[PDB]
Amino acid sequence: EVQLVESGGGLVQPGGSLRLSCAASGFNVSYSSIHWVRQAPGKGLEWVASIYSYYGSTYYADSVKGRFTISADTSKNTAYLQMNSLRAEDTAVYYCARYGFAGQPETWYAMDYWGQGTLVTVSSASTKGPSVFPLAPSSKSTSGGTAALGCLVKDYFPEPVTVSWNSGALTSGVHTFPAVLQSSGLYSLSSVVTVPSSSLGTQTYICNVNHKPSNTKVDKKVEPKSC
């Protein structure tokens, strides 16, 4: 019955500003402690800032001192993180976690609940919409009974994308791969699914691609190769 909902993340040029919010439900921010933890791509968890809203104590890490301002609005039960003068080394998934009592009496406090995480990307490259191309099942992607098909989401910026199949009615045997930063500075993602070969002519397989940073929604139909 307790959850933390984050917002404010997105794309921003180096030197720009962003304000991450953390909507709280199930508890009172004015009585609990809320911290921020970021995770850079391919790196571990780094503590950012913290608030003890009951007393108004705020603490920061030496890597974000003077640039980040952490605050908490008790009226709307939200903890904010005003990020200023953003650099490239700030690109990470920022998490919102509550720090306090975790269940057993006479025990040290720990971060029990976390937010889903929001992604802050900092670079001078502008936003680019994803172009989705089909991976048509041919005589080379069939091995007797099964037939592998998929979609190729090429050249988009920034992260992330969401690749579904048949609007969610095809979750069995789907392998969506992580994003790769191409040499052209844009990401590329491929999602493939194995389906029975006796279903390529009768059934229809449409991949649903969602890109919120560019407000783009793509639905690409995948059908076998022909002349």
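So that there is no doubt, residue numbering starts at 1 and follows the sequence shown.
A.B. asks: Within this chain's modelled residues, let me know which third the CA B factor of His35 belongs to: lowest, middle or highest.
C.D. replies: Tercile = lowest for this residue's CA B-factor.
A.B. asks: Per the entry's values, where does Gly16 land by CA temperature factor relative to the rest of its chain, in the lowest, middle or highest third?
C.D. replies: According to the entry, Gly16 has a C-alpha B-factor in the chain's middle third.
A.B. asks: Comparing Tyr59 with the other modelled residues of its chain, is its CA B-factor in the lowest, middle or highest third?
C.D. replies: CA B-factor rank for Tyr59: highest third.
A.B. asks: C-alpha B factor of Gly168, ranked within the chain: lowest, middle or highest third?
C.D. replies: Answer is middle: the recorded C-alpha B-factor places it there.
A.B. asks: Rank-wise, by C-alpha B-factor, drop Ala24 into the lowest, middle or highest third of its chain.
C.D. replies: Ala24: CA B-factor falls in the highest third of its chain.
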